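Quick heads-up: it's one chain on its own, the form deposited in one PDB entry, in structure tokens.
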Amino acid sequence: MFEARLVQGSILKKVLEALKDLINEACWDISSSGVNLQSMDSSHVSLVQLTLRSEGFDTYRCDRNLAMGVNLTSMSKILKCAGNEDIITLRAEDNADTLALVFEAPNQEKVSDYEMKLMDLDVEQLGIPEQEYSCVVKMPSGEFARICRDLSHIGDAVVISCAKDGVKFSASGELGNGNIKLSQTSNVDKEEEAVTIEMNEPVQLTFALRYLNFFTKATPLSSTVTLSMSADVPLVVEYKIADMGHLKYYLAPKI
């Protein structure tokens, strides 16, 4: 038996809401150390890596490594039947072709029990080259979402320029161009309002806005986001999942 009881159900709701548009199907690599997902998106452009560590779960049980192939659109639909404050328990027999999802209200008067059909899929594998990056921008998650959205009216691509004297997002198109300059803070007082740049050398990279606008569906999961960049390698957009792990999205620059 695999069995994982997650007390804050909102978290799994949000993860599915952040993945279902970008990718339709993917295998859930389950083990004693946690749950891990790794997939390309459905247009073969970006890469996604999800991690939810075992200890994040209130109760956790994994007799042996499972791989469950999963339609995320169906999984999301089922999770929309969960409340935000439900305790969600995930359960699969060792080689069973189903995943049960139990949504307990907090007072135990209402209990829901769903049994999802798996789909049978060939796993993907990479993980990408772990790297020391030139720039690391930490910033509010709501601010990053709004920027990508604003600039998507102007252009299909965004140039992210970092230097010592700031970060800048620029886009360009048929109706013109725009530049959004977001200043580092010093003493912001809260921690989650900070804009901090860890800079080694200036960098200027171009990314497809369409894909960044997918990545920002993870905003509910965290109040900050970090962008790690270096020349000619994929951007990582990282959202922390409430002490349990993370959702990274990798994207090639143009060129």
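Residue indices: 1-based, along the sequence shown. The term rigid core refers to the most C-alpha atoms you can superpose between the two forms while keeping them within 1.5 Å.
Keep in mind that the form deposited with a partner chain bound is not shown, yet the notes after this line are about it.
Taking the partner from elsewhere, residue 6 is found to have every heavy atom lying beyond 4.5 Å of the partner chain in the deposited complex. The partner chain in the deposited complex is not approached by residue 34, whose heavy atoms all lie more than 4.5 angstroms from it.
The partner chain in the deposited complex is not approached by residue 163, whose heavy atoms all lie more than 4.5 angstroms from it.
Contact between residue 121 and the partner chain in the deposited complex is found at the 4.5 Å heavy atom cutoff. Taking the core as reference between the shown form and the other one, the lone member of 124, 97, 156, 113 whose Cα moves by 2 Å or more is 124.
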